[PDB]
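First, the structure itself, so that you have it in front of you.
Naming follows writing order (A, B, C, D, E, F, G, H, I, J and K), and every chain is counted from residue 1.
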Amino acid sequence: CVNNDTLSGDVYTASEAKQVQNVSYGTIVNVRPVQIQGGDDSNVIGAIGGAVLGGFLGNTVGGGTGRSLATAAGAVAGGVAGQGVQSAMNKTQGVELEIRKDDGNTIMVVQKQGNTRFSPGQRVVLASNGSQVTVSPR
Amino acid sequence: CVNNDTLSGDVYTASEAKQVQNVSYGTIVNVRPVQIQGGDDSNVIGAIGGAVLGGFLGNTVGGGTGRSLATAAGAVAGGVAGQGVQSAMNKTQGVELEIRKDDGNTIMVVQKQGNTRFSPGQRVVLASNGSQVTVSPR
Amino acid sequence: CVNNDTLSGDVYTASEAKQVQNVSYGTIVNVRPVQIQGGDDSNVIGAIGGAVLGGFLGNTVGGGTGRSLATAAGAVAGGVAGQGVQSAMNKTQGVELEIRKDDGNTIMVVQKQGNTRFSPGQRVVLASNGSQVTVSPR
Amino acid sequence: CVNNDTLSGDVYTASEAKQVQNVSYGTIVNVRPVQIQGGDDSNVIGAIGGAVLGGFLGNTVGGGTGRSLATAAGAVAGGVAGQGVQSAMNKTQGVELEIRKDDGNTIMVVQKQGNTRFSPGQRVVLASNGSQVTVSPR
Amino acid sequence: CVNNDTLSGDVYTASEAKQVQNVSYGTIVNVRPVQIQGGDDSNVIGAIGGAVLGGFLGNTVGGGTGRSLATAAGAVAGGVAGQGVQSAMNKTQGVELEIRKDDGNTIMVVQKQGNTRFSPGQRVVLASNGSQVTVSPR
Amino acid sequence: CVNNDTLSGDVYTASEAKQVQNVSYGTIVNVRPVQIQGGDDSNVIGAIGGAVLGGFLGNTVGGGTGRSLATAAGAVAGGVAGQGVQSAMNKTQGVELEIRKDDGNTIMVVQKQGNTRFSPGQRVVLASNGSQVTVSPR
Amino acid sequence: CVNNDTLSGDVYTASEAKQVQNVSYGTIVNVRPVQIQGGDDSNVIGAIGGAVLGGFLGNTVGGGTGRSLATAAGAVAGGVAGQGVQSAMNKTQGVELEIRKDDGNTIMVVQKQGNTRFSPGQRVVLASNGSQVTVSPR
Amino acid sequence: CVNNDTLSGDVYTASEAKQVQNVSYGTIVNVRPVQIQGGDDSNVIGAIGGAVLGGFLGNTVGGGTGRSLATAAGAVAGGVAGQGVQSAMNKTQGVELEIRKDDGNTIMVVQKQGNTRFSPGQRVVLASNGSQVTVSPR
Amino acid sequence: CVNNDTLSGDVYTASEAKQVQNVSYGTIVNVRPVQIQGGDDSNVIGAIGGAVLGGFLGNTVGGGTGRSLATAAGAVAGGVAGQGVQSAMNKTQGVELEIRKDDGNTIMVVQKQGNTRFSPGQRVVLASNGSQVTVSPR
Amino acid sequence: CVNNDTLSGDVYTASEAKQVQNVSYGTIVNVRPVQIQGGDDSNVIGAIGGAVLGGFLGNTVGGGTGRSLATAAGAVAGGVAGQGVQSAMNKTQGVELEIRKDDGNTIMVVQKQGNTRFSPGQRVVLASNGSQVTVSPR
Amino acid sequence: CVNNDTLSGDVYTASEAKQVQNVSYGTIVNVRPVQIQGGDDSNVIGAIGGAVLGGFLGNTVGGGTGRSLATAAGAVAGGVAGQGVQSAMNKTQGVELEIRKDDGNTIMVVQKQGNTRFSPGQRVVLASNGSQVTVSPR
């Protein structure tokens, strides 16, 4: 598992506490919903778990030289299902926001859904660092 | 398997959440369909799976010194089929779009087919970063 | 465990004693509560502890070739719970402060809750270094 | 095997989707046919497969100390044939095109044969990147 | 253990003897007490000691296959307590001083409590190097 | 073996497909025939093959302590012949051409013999890259 | 042990013999006594010695499965005492001197106590190198 | 063995085919014969071959503890002869030529003897690259 | 042992023979005696010798499980004495000289005592290199 | 052995064939004879050969525990003689020449004796490269 | 052993043959005798030889557990003597020369004694390179 709950507007990772961050103001338009896929593309941990759990389910059939074939088939047929499952428990739902600043410049930012509802027409304050931004309501 | 579903216009990888992205506008012409081939060219994981599953199907014929020949032949004849199959499950279908911006400059971008249909003559908004672009309808 | 108690306004890590730090003054507005998530995202130590403690609970059922299946299942079903638990004991509660300096510039800083209560309207003194800040009351 | 089907004008590798590419126009003259040789020059995978399959065909003759000689001879006499065969299944047929752009500058590009026929006298559109080009008909 | 007694105003580490250090003068205001946490955040030595001492307390109960479960549980239940204890014996008490120099510039420095008492209103002499300072009374 | 058939004027390596190449014109004079020696100077693969095939031909004579001498002699007397043979199957025949460009500058290039005959007095077109050239007839 | 007797004003390390050193003059004020702590903070050699000497004192009590517990407890209870003792035999006594040069500039230097007594009001000669100084009486 | 036949005026190494080379003209004077010594100075492959072939010729004399002495002596007395012989089969015969160019500048180049005879007074054409030259007759 | 006899004015290390060195003249004042401590601070070779020689003196007392305790105690009680002795045989006696050059500049140099006596008031010649000096009498 | 016969005026190493070298003229004065010492200073190959050949000559005397002493003594007493002999077969005889060029500049070069005699008063031609020179008679 | 006979005025190392060296003239004054110490300061090869030869002289006394003590003592008591002897066979005798050039500049150089006698008042010629010099008589 990967704990991608540090991608909300209500939780800070501990490597950015006790630092300085700048402040700007803006306005909000055109929110639409979006899905977020964390983790890594080459799933390795799922493969090994699936492989062992599928292989040890193979010994219990047959006997002789027909048992080795069963365990060998079960190994790969569980290995692929491991990657099948390990990349469907790392999928959350978020929103995409288009904010227009008071400078006159427009940007958009994507952020995980929490327990506050964003609406078209509102005032937000941007807490920013070098290439990092958090958006919080009024 | 490789999870190339992060190449759509409705799914964001989690390493580009909580960042700033610029906004432009444009118009759409000349969409045509295209196929997309993910993964890597040197298939290694397919070779080993094919090899073991083909080798363990060789012991069950013959006996003596004619069993070793059977298992040795089965090993390679399954090894090549492993790469044959592992590079036909990583093939998806997408579209290629030619968008003309309001600057007066023309570009084209290629993107995976989803559940929205693009048509000739429409307004799109480009969300851009340094050498990254996502296209979404009006 | 990770000892993230060095993120308070009353405890200094020992690698920043006997050094020089600058002093500024400011005023405080708009405190709101926030949670803090320490540690690292890829939980490794939890996985091994969960795995061993789940595996050694598997031998005590069944016998023959039905014991191996039980221990193999218990191993992974404890492995995932290890990461489930090891990333819920590293979660503390803090505050977020917006301070306006006497220069005329505005910043905000996030800091762990202690035993002093911050209120809207107060005088604070910032002890600063290069990209490090501690806030302490009057 | 090497999957050199990403060298056509109808298939895009997945590492160049969702990017920006420029557009130019031109005219076509002097197409002639050409062969294309993929892969790598030092064939290693063919050698091992040929070696094992030739060696295990050696035990079945003779007995005593005249069996070792047979297996040793078969090993190398299959090893060289492995490289003989593994570099004749990576050979495709393509075309070479000489296109004159509307700038007044002339270039030529080589590309794999597909299912569309190029003729002398036609209009093509070049989709280009930094040192990458794809040619597609009108 | 970590010997953090070289963080006082009466003990010099031996890698800064026979060197040259500059001298300044100042005045002292606003001392307040503070705690100091040495060592390192990832406690490793505590984990192994706790693990072995907890594991060898497990064999003495039960017998058969119920002994392995006891030793496995004791191992982790002592492992976490090892880190619990090894990071509570590296905690000392010090003071924080705000000194105003004769230049007209203000700084503050934090230093371990010894056997001399600092008071508001006094003369101190700063012995300094590049980014190192020791404060000693008149 | 080394597959040096990518050194002709009718076969392109697959790492230079879908790229841009410049075009020039010229005239041809003074072709003379030449031999080409591929591969590498320190022959290693030939040594091991020769060594094993010569050594296993030594056991079949004599017995006692006079067999070890025979196998030891055969090993080296086959080892040197391995390098003798492995560097006589990598030798092809090509031509050397002196072409005078329309600029007024003269160069010469060497290229493997194919199935087209070059003659003194003819028109050729040079397809060029940075320090790469292919010559093809009119 | 660490031989920190090369930190006196009467002993030179052998890597700074046969070199050139500059000469200055000064005057001496305000000597006060100080302690010096050599060695390294992470004590490793003490831990192993304490561990072995404590462990081999554990076998001599009890018998059965109650001997293993005794040796395991003795190991750690001697391990910590090893670091307790190995960092109390590397502690010497020295002096701190404030010397005012004839330039008009003031410095202070710290140096191990020997067999000569420094007094307030005296003439000293500084033998100096790049960031190295030795002070010797008249 | 080392195949130093790529040092003639009639054989090209395959890493310099399909490249561009410049052309100059000159005249020839003062050819004299010279020997050429290829390979490497520290002969390693000869030592091992000589050592094994000399050692296995030692067992066939004597018996008891007088056999070990014989094999040990034979090992080194064959080892040195290995380097004696392996550096006398890498010695060829060539010529040294002094050519005066039409610029007015003089150079000389050394090249292996082939099947063409160079004479004093003749016209040669130099095919050159960066610090590489081949000389061929009219 | 360390052979620190190359620190005299009558012995040259062999890495500075056949080189060029400059010559200057001067005068000598204020010689005083000094001790020199060679070697390295972390004594390793003494520890192992002391450890083995102390450990093998432990077996000769007692028997049973009271022999292991004796050998374990002897090991460390000889280990520390090894470092005690190995750093008292690398201590020589030298002199420190203050020489005033004819330029008008003053320096001092430290050098091992030999068989010539230096006196206040004498002429010396300095043989110098880059940051190396030897002093020899008239 | 080291084959230092490539240091004559009649043998070229094969890494400097087919290159360009410049030509100068001069005159010869003051030849005197000199010895040349090749190889490397730390003789390793001689030590091992001497060691084995001396050790295997030790078993043939005595018996019991007096044989081990003999073999141990013979090992080192042959080891030193190995380096004694291996550095007396790499010693050749050469000449040193002082040549005055037609520029007006003087140099000298040292070169191995061959089969031509140099005399005072003669004309030589220098074939030169960057920091390489060969001298050959008229 | 180390062969430091390449530090004379009559023997050239073979890595500086066939190179160019400059020539100067001078005059000679004030030769005095000096000793030269080659090799390296940390003697390793002597330690092992002394250790083995001393250890194998220990078994021949006593029996039981009193033999181990004898061999252990002999090992170190021979080990130190190994370094005692291995650094007294690398000591030669040379001379130090002060030469005044015709420029008007003075230098001195140190060189091993040979079979020619240098006297006060003579003419020498310096053969020089970058930071290398050899001095030879008229």
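By definition in this document, contacts are C-beta pairs under 8 Å (C-beta built on N, C-alpha and C of every residue); 3 or more make two chains touch, one makes a residue touch a chain.
Any chain that touches chain D and also touches chain I would be listed here, but there is none. Distance from the chain G centre to the chain J centre is 54 Å, each centre being the mean of its Cα atoms. The mean-CA centres of chain I and chain K are about 20 angstrom from one another, to the nearest whole unit. Here the spacing of chain C and chain F, counted between their Cα centres, is 65 Å. Chain C has residues 4 in contact with two or more other chains.
Taken as a graph of touching chains, this assembly is arranged as a ring, one closed cycle with exactly two partners per chain. Ring order of the chains (start at chain A, first neighbour chain B): A, B, D, F, H, J, K, I, G, E, C. Put simply, chain A touches chain B in their complex at residues 4, 7, 34-39, 41-43, 65-66, 68-69, 72-73, 75-76, 79-80, 83-84, 87, 94, 98, 106-112, 131-134. Within the complex, the chain B residues that touch chain A are 1-6, 10-14, 16-23, 49, 52-53, 56-57, 59-60, 127.
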